[PDB]
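Chemist:
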Ligand SMILES: [Mg+2]
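Chains as they are written, first to last, in UniProt numbering: chain A, 2 to 361, 366 to 758; chain B, 2 to 359, 366 to 757.
Here it is as structure tokens:
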């Protein structure tokens with residue numbers, strides 16, 4: 002793409018150059034605080050590391066630090082573009098390391114092409130880092146460098162491209178073998194191209210039972226023929242195929258149970274897939290193009306199982322699926338290196354994650374074990390809970406574990422807390438929108454941000470945009486922005502001034518509002534000036550299915566329009582406004598940020614129920630907490646008494662819901678603070694839904710936190726309780742916020758109308 | 002020591018090992034956000050660097066990233082201890098880089114001892130960082146390493162221990178020569194100890210006007226004269242003098258205007274100080290012990306100007322004075338290295354900071376014999392030095408990124424200092440200068456006990472604890488605290504005290520018509536500790552009180568308001584909490600006093616909060632928060648805010664404030680400029696007045712968990728006559744110590 006290619010160039014620059022930053026972890030406010038971080042206090046920690054260098058984890062960041070190193074020789078698929086140009090990728094490793102594994106990571110770019118000299122620099126940096134992740138080092142240098150460094154360095158050395166992708170591919174093979182019911186020793190494996198991971202796949206596969214003679218390796222020149230070259234690379238000589246008269250891939254593909262290979266753009270054809278054995282396993286792992294298109298192989302062989310590196314095709318083999326979770330277990334036991342036994346233990350846990358049953366969505370996915378699901382989702386949360394204990398338990402058995410863990414259950418619980426914090430509810434919602442697009446009206450069609458959103462909604466294919474406004478101003482603005490969206494084709498424009506059904510529309514609005522103080526002469530004025538009214542009428546008739554408005558205008562202008570045309574949903578008598586923020590405590594929400602200035606007891610209860618119902622659908626656990634200036638009966642304020650009555654009310658309508666209150670804000674986010682004021686609290690962990698006692702409390706909180714918590718744009722002001730799928734936005738809402746909200750409306754529009 | 006050397010070991014251990022962490026700067030909440038960061042969107046910023054390596058600073062962390070590298074051969078005063086053992090010093094280095102100048106730093110510990118492999122490893126790491134910092138490398142290996150690395154690498158390389166110390170020292174001599182009225186060409190300088198900083202300082206001084214024939218150097222063997230040894234070090238040979246028949250320091254110290262010592266302690270004697278020239282400048286920079294102690298030199302010569310490395314003596318020479326700020330100027334213009342023209346303008350920037358003129368800073372910044380080097384924590388350091396570095400680098404021709412306007416540049420620099428101003432440091436220093444008697448009613452509470460130890464050790468206050476003496480002493484032992492009763496602190500037994508009869512009678516006369524009986528007053532003087540300390544402060548037995556660590560806020564506040572009363576001129580009270588937010592130090596009020604303050608009460612709160620922030624040293628930027636944004640909603644809460652704004656402007660026009668506004672408009676200037684271009688408020692406001700307590704309390708709660716890295720000032724009580732503050736049950740020991748320090752400062756001026 003070019004639309005998404007440019008939004009990343011902007012992302013890597015705004016607001017600050019660079020993605021990662023070194024921040025303090027200990028205070029430094031006072032003058033004594035400086036005398037303990039430096040002179041003369043810092044003398045003591047250094048003198049305890051010369052006494053005992055094993056005590057380095059206690060006083061330094063070495064106990065959770067890994068260096069991603071690269072010379073830029075083969076960055077992803079770009080090639081040798083330079084070590085300096087490869088820095089944004091190495092920073093990406095660290096930011097993914099921190100987001101998922103919580104492992105502080107330094108990006109290191111070494112300007113050395115000589116394999117020996119490069120090895121010296123890395124061995125020199127051993128005391129600095131607790132672990133070394135070798136990244137984007139072209140072949141065959143990587144085989145030599147990684148081998149020498151693991152022996153040389155008493156800290157773990159790992160190659161994510163060579164060994165990491167092998168752990169995923171090996172796990173897929175073992176799982177796929179269980180589905181086709183073929184024993185590993187019997188299957189014959191054929192590998193295309195001199196894949197760096199291919200050598201490690203076989204090694205791991207051999208350690209599990211795969212016969213070497215069954216393995217047939219095919220370099221890009223041809224099949225490996227023993228003796229065709231007197232001088233041969235050690236990786237090619239180790240897996241040597243005796244010359245059997247087979248020169249091409251089409252010669253060895255017949256009678257082959259498994260196909261694999263990093264190298265090769267589109268080496269597999271539809272005719273070669275027919276020639277393969279029963280229920281073939283196809284592992285296509287070339288970044289630009291799969292070895293065979295997965296539908297092309299399914300058409301000739303329905304029993305086949307295909308694995309690609311690309312995310313659109315199922316069974317994604319992502320490097321991000323393992324390499325952070327391996328280092329996490331290794332760093333927690335202080336392993337001297339990552340032995341093959343640990344890597345294998347990771348392969349087991351990854352396959353075990355597919356077998357284990359799913360738990361607890367608006368997005369529609371099935372995780373049942375089958376030909377579509379032989380490897381877990383690329384961003385599955387349970388990865389850390391399973392991979393890290395297995396790596397550490399194997400490391401303690403192997404004897405490289407310097408530091409033991411007394412109880413694995415305590416360690417798992419720490420890992421369990423980290424899982425709760427991170428969730429990606431947005432991605433399944435988007436995919437659900439592609440399955441059944443619905444028409445959505447945007448009343449502010451002439452606004453610049455709406456136009457940018459209209460394109461990205463048309464590009465991803467989420468909904469049918471129906472803009473409102475003077476077409477003349479829209480057409481001009483499109484050409485000034487550089488967009489390729491076509492009126493009457495990509496999106497339907499409705500002019501507020503010229504409309505055939507105009508008389509039909511004002512008669513419906515008048516029949517609704519004749520008694521709410523709207524004359525006929527006013528209603529006709531209304532369907533030309535306020536586009537919110539126009540779209541609102543369209544949804545009730547069926548001309549559209551949802552509406553996203555409020556990108557320019559006071560919230561209550563648009564909300565009063567909605568409230569009158571569609572009315573409350575069934576079984577509701579008050580509406581709610583829920584905003585979201587990405588907090589250290591995880592994804593968190595605020596209740597009634599715009600609707601009711603002073604919500605009463607029963608009104609506050611209905612808001613809570615709708616927010617819980619709406620969060621359940623997102624794929625997030627509803628852990629609700631009512632907030633007040635009172636702490637569990639500190640004050641008898643009428644606003645604090647109202648919160649208490651609401652807790653009792655919700656308990657009778659949805660007793661299964663987890664909620665407690667009232668409490669201070671800190672008590673709802675830190676489980677420790679809550680355990681000292683209330684041990685019996687039904688609330689467990691960080692709460693994600695915060696119901697406010699009044700709007701001022703809400704709007705002051707959402708604002709002050711949006712700036713100082715994080716810039717995670719997820720869902721803006723989510724309106725709840727209205728019978729028709731509608732959401733009203735803030736005027737300062739960014740373009741990314743507009744897109745996300747339109748998708749949310751489509752999934753709500755797929756629901757029973 | 003054994004307590005300042007044990008508490009240092011606990012400082013690094015908990016709550017998390019280490020002193021730094023890698024933190025994301027970019028959003029990572031949605032799957033698209035992740036895609037833009039790594040595969041595949043990461044390929045776009047990389048392909049732009051394949052076209053031009055200059056686009057790096059624009060798309061990567063370089064230009065704000067510097068590496069502090071060491072081998073472990075000269076770690077402070079410890080010496081060669083290993084590269085691993087020197088890691089905590091390298092973390093503390095870069096953490097000063099960030100806290101003082103905002104320059105992220107990877108510490109790098111190289112496992113090397115041959116200077117050949119060392120230069121290779123570092124030069125290999127050139128593409129990563131925008132600059133290289135060398136620290137704790139033994140001599141003479143450091144000279145050779147730095148020289149080779151500086152020419153080889155086109156990014157700056159700087160030895161902190163030698164060049165940084167030389168820049169400060171050179172500035173000191175220039176200012177001292179103005180004091181003693183001596184031209185630089187005419188003065189004669191003698192140097193003992195061939196330390197790396199001395200050689201560079203002389204080289205720097207020679208470029209500024211100092212004469213080599215006037216300079217005489219003495220190494221351990223003797224006075225460096227030409228032809229003493231056929232094979233001589235190239236650094237030593239540059240300042241060897243014509244043979245004057247003098248081999249001893251005593252022979253050459255005669256008639257000497259400047260003495261600079263990098264050698265061992267006690268090389269200079271009182272007899273040598275007597276025979277120096279008029280008003281000698283003695284730069285006794287030695288650690289851990291100075292060559293000559295300043296008082297012994299002051300006795301023989303009172304007019305002399307002396308500087309050492311230690312902090313307790315005046316005119317302390319500290320590396321933290323320049324080394325963060327030289328790099329900040331070089332990186333903002335992307336200098337290829339650090340040259341002599343910059344190093345001179347740096348000396349010029351530091352010396353010119355002592356002449357210009359200037366309130367919690369008790370230390371008087373008057374240019375004289377005791378002040379020729381600015382203070383270590385001085386705010387204007389980065390504002391002055393970095394522009395001179397960038398300007399002198401642009402004129403020497405090594406900068407790759409021209410700054411068009413130095414005015415906008417200085418503004419960005421000034422905003423960083425005001426945002427990160429450490430108000431706590433000057434407070435603690437003031438508390439050390441004069442301890443005052445402070446009462447802590449919850450004496451049995453462990454956190455209070457822990458806080459008392461830190462107070463005594465630092466010498467902030469003389470504590471008076473109330474409680475059962477049995478339990479306090481028993482808990483002290485269980486905690487392991489070394490404080491002893493009757494000596495470090497006083498205890499007043501609640502159950503039995505000789506002044507009991509006087510206290511309940513004094514309390515009763517204050518509260519007889521407020522619902523307290525004689526019999527009720529007596530029960531209260533044994534059961535409620537907070538009542539006791541209040542009577543003491545009013546009687547004069549104690550100068551201030553810090554309570555509320557246990558109990559609901561309004562119990563302690565009720566007692567306080569009755570006894571102490573409101574200050575003259577104020578009829579309402581307020582509660583302020585402090586947060587170290589990303590936008591800056593931010594205060595919120597009121598959070599515990601008034602549930603629904605009226606307009607006039609809201610205005611007085613604002614005025615008092617302005618006074619308190621001004622006392623801290625931070626400039627007051629005030630914003631009135633409401634759900635309505637500049638009248639978007641007309642309601643009692645919003646109308647109240649607008650009225651208060653007019654009231655505050657009448658009582659004090661100088662105060663910068665605008666309202667009402669949304670929260671985002673107070674923090675993000677961009678949002679406020681769009682909604683109101685004419686807003687008198689500028690930048691990011693630091694004082695947030697609230698419409699009602701319920702919103703303030705729910706804000707501070709959800710914020711103190713969203714900006715966890717700062718623990719500074721707890722609930723500040725504003726308006727009460729006597730120096731009193733009430734805390735929270737969740738108040739950390741950090742918080743109780745800090746608040747007692749605030750209490751002491753307040754009680755000094757009653
Ligand atoms: Mg790589």
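Virtual Cβ for every residue (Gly too), placed ideally from N, Cα, C.
Cβ of residue 314(A) less than 8 Å from any chain B Cβ?
Modeler: No, because no Cβ of chain B sits closer than 8 Å to the Cβ of residue 314(A).
Chemist: For residue 700(A), go through chain B and note every residue whose CB falls closer than 7 Å to its CB, in chain order.
Modeler: In chain order: 634.
Chemist: Does the beta-carbon of residue 361(B) have 16 or more other beta-carbons within 10 angstroms, so that it is buried, or is it exposed?
Modeler: The structure shown gives no position for residue 361(B): in chain B, residue numbering passes from 359 to 366 with nothing in between.
Chemist: List the residues of chain B whose Cβ lies closer than 7 Å to the Cβ of residue 47(A), in chain order.
Modeler: Per Cβ cutoff of 7 Å: 76, 79, 82, 86, 87, 89, 90.
Chemist: From the beta carbon of residue 648(B), is the nearest beta carbon of chain A less than 8 Å away?
Modeler: No - not a single Cβ of chain A is within 8 Å of the one on residue 648(B).
Chemist: Looking at ligand 1, does it come within less than 7 Å of residue 108(A), judged from the CB to the closest heavy atom?
Modeler: Incorrect: residue 108(A) has no Cβ contact closer than 7 Å to ligand 1.
Chemist: For residue 171(B), list the residues DSSP reports as bridge partners.
Modeler: None; residue 171(B) has no bridge partner.
Chemist: Tell me which residue opens and which closes the alpha helix (DSSP H) that residue 84(A) is part of.
Modeler: That residue, residue 84(A), is in no alpha helix (DSSP H); it is neither H nor E in DSSP.
Chemist: Quick one: which chain A residues come within Cβ less than 9 Å of residue 28(B)?
Modeler: Within 9 Å Cβ-Cβ: 12, 587, 715, 716, 717, 718.
Chemist: Would you call the CB atoms of residue 135(A) and residue 159(A) closer than 8 Å?
Modeler: Yes, the Cβ-Cβ distance between residue 135(A) and residue 159(A) is below 8 Å.
Chemist: Kindly indicate which three-state DSSP category residue 828(A) falls into: helix, strand or coil?
Modeler: The structure shown does not extend to residue 828(A), since chain A is modelled only from 2 to 758, so the question has no answer here.
Chemist: For the alpha helix (DSSP H) that contains residue 680(B), what are its first and last residues?
Modeler: It spans 676-682 - the alpha helix (DSSP H) in which residue 680(B) sits, taken as one unbroken run.
Chemist: Consider the C-beta atom of residue 665(B) and the heavy atoms of ligand 1; say whether any pair is separated by less than 7 Å.
Modeler: No - ligand 1 has no heavy atom lying nearer than 7 Å to the Cβ of residue 665(B).
Chemist: Identify the contact partners of residue 183(A) in chain B, using a Cβ-Cβ distance below 7 Å as the criterion.
Modeler: Chain B residues near residue 183(A): none, gap ~32 Å exceeds 7 Å.
Chemist: Residue 426(B) lies in the alpha helix (DSSP H); which residues open and close that run?
Modeler: Element bounds for residue 426(B): 413-427.
Chemist: Taking 8 Å as the CB-CB cut-off, is residue 625(B) touching chain A?
Modeler: Output row for residue 625(B): interface = no.
Chemist: I'd like to know whether the C-beta atoms of residue 610(B) and residue 567(B) end up nearer to each other than 8 Å.
Modeler: Not a contact, by the Cβ cut-off of 8 Å.
Chemist: Determine, using beta-carbon pairs with one atom in the segment 396-403 of chain B and one in the segment 423-437 of chain B, whether at least three such pairs fall under 8 Å.
Modeler: Contact fails: fewer than three Cβ-Cβ distances are below 8 Å.
Chemist: Mapping DSSP to helix, strand and coil, what is residue 581(B)?
Modeler: Reduced to three states, the DSSP call for residue 581(B) is strand.
Chemist: Expressed to the nearest angstrom, what Euclidean distance is found between the alpha-carbon atoms of residue 35(B) and residue 91(A)?
Modeler: About 14 Å.
Chemist: In chain B, what lies closer than 8 Å to residue 651(A) by C-beta?
Modeler: Correct list: empty, because the minimum Cβ distance to chain B is about 15 Å.
Chemist: Quick one: grab the DSSP three-state call for residue 472(B).
Modeler: Correct three-state label for residue 472(B): strand.
Chemist: Any chance the CB of residue 385(A) is under 7 Å from a heavy atom of ligand 2?
Modeler: Absence of ligand 2 is noted for the structure shown, with ligand 1 being the only ligands found.
Chemist: Taking residue 362(B) as part of the beta strand (DSSP E), name the residues at either end of that continuous run.
Modeler: The gap in chain B between 359 and 366 takes in residue 362(B), so it carries no coordinates here.
Chemist: For chain B, is any of its Cβ atoms less than 8 Å away from the one on residue 1(A)?
Modeler: Any property of residue 1(A) remains undetermined from this structure, which presents chain A solely from 2 to 758.
Chemist: How would you label residue 665(B), buried or exposed, when you count the other beta carbons within 10 angstroms and need 16 or more for buried?
Modeler: Buried: at least 16 other Cβ atoms inside 10 Å.
Chemist: Go to residue 492(B), then tell me how far its beta strand (DSSP E) extends in each direction, as first and last residue.
Modeler: No beta strand (DSSP E) contains residue 492(B), which DSSP labels as neither H nor E.
Chemist: Taking CB distances under 8 Å as the criterion, tell me whether residue 37(A) reaches chain B.
Modeler: With 8 Å as the cut-off, residue 37(A) counts as an interface residue toward chain B.
Chemist: Below 8 Å on the Cβ atoms is my contact criterion, and I expect residue 66(A) with residue 108(A) to pass it. Report the Cβ-Cβ distance as a whole number of Å.
Modeler: With a Cβ gap of about 12 Å, residue 66(A) and residue 108(A) do not count as contacting.
Chemist: Using a Cβ-Cβ cut-off of less than 7 Å, give me the residues of the segment 667-693 of chain B that come near chain A, in sequence order.
Modeler: Listed in sequence order: 669, 670, 671, 674, 675, 678.
Chemist: With distances taken between CB atoms, is the gap from residue 306(A) to residue 172(A) smaller than 8 Å?
Modeler: Cβ distance not < 8 Å, so residue 306(A) and residue 172(A) don't count as in contact.
Chemist: Going by DSSP in three states, residue 594(B) sits in which element: helix, strand or coil?
Modeler: Three-state DSSP puts residue 594(B) in a strand.
Chemist: Check each residue of the segment 421-438 of chain A: if its Cβ is closer than 7 Å to any Cβ of chain B, include it; give the result in chain order.
Modeler: So the close ones are 429, 431, 432.
Chemist: Using the Cα positions of residue 137(A) and residue 614(A), report the straight-line distance between them to the nearest angstrom.
Modeler: Their backbone Cα atoms lie some 50 Å apart in a straight line.
Chemist: Does the contact criterion of 3 or more C-beta pairs under 8 Å hold for the segment 462-472 of chain A versus the segment 736-747 of chain A?
Modeler: The segment 462-472 of chain A vs the segment 736-747 of chain A: in contact.
Chemist: Kindly examine ligand 1 and report whether one of its heavy atoms sits closer than 7 Å to the Cβ of residue 136(A).
Modeler: Yes - ligand 1 has a heavy atom lying nearer than 7 Å to the Cβ of residue 136(A).
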